[PDB]
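Shown next, in structure tokens, is the structure this report addresses.
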Amino acid sequence: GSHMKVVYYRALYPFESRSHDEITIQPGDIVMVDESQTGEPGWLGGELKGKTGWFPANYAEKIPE
Ligand SMILES: [Cl-]
Ligand SMILES: [Zn+2]
Ligand SMILES: [Zn+2]
């Protein structure tokens with residue numbers, strides 16, 4: 001994917017990671033996001049609890065700065 005200026009997303013729906021490059025999120029988790037892979041809806045990539053990876057972009061919401 002592509003790097004972007006670091007931003008924070010709050011998870012809205014649960015997602016369970018399966019591959020190395022995915023992360024698990026639960027509603028309310030805050031992810032520090034620095035990557036995207038464009039798609040419909042595509043993927044966002046970032047760090048949560050010491051792990052890094054993709055999660056589906058429509059499963060979280062951008063937190064205003
Ligand atoms: Cl797609
Ligand atoms: Zn493995
Ligand atoms: Zn992959």
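Each residue takes its place number in the sequence, starting with 1. Heavy atoms only: backbone and side chains are in, while hydrogens, waters and symmetry mates are out. Remember, it's 1-based here, ligands and their atoms both numbered in the order they're listed.
Counting non-hydrogen atoms of neighbouring residues, nucleotides and ligands closer than 6.0 angstrom, the NZ atom of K62 exceeds 12 such neighbours. Within a 6.0 Å radius of NE2 in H3, other residues, nucleotides and ligands contribute more than 12 heavy atoms.
Checked against salt bridge (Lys or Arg N to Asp or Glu O under 4.0 Å), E61 has the following partners two or more places apart in sequence or in another chain: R10. For the side-chain hydrogen bond (donor to acceptor under 3.5 Å, both in side chains) test, no residue two or more places apart in sequence or in another chain qualifies with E16. By the side-chain hydrogen bond (donor to acceptor under 3.5 Å, both in side chains) test, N58 is found to be paired with no residue, residues two or more places apart in sequence or in another chain being considered.
Protein N/O/S atoms closer to the Zn ion (ligand 3) than 2.8 Å number 1 in this structure.
Without hydrogens or angle criteria, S36 side chain to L44 main chain gives no donor-acceptor distance under 3.5 Å.
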